[PDB]
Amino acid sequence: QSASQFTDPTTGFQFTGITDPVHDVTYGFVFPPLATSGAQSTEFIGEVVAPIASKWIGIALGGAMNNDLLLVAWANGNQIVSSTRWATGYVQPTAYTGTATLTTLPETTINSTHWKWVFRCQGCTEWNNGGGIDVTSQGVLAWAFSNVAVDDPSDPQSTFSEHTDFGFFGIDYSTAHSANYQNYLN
């Protein structure tokens, strides 16, 4: 599948991403302005907009399950629980051992039909194995879905069962940068 640009109707944030029509989960990404005289930033802002039957969602930032930074999140009541994780094989991803900061932004909403996680991901484009994403080029992102609750929803490091679906989408990161990035943070 292929990402495209879209606007959050509540916030007006402008993202690049997709809506999976099966689970009707929206995934959106936006990056700071491209630098020419300095190295690129290592942070980005993203969103997951998920129907409440979505019990956990994961994002694979390198487009595959293994050896890339993963983001995992779920609703637990009126709060999002989230974590940065990693998998070396096809088994339970565990806490990421590098430096990465996931911040839930206040635009994050939970209501009766959907949870909407809006986050800041710092240190998420370069990983502690030397891998990462190139925000000036084209890449692939992937997502994981489950409709089964995590084993212990109040724990960010909870274990859980294999996703019931997963998918991919191509993204041209060179088009996903925004001059309004700073304002989104504010």
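All residue numbers refer to positions in the sequence shown, first residue = 1.
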- [ ] Look over 96-104 and 74-82 in the entry and identify the one with the greater average Cα temperature factor.
- [x] 74-82
Open item on the list: Mean CA temperature factor from the deposited coordinates, higher in 9-17 or in 161-169?
Closed with: 9-17
Open item on the list: Just the C-alpha B-factor column, please: which of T125, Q138, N129, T26 has the biggest number?
Closed with: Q138
TODO: Could you tell me which one of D152, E47, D68, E43 shows the highest CA temperature factor in the PDB record?
DONE: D152
Task: Modelled-residue ranking by C-alpha temperature factor, third containing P33 - done: highest
Task: Lowest, middle or highest third - CA B-factor, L61 - done: lowest
- [ ] Could you say whether, by C-alpha temperature factor, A142 belongs to the lowest, middle or highest third of its chain?
- [x] lowest
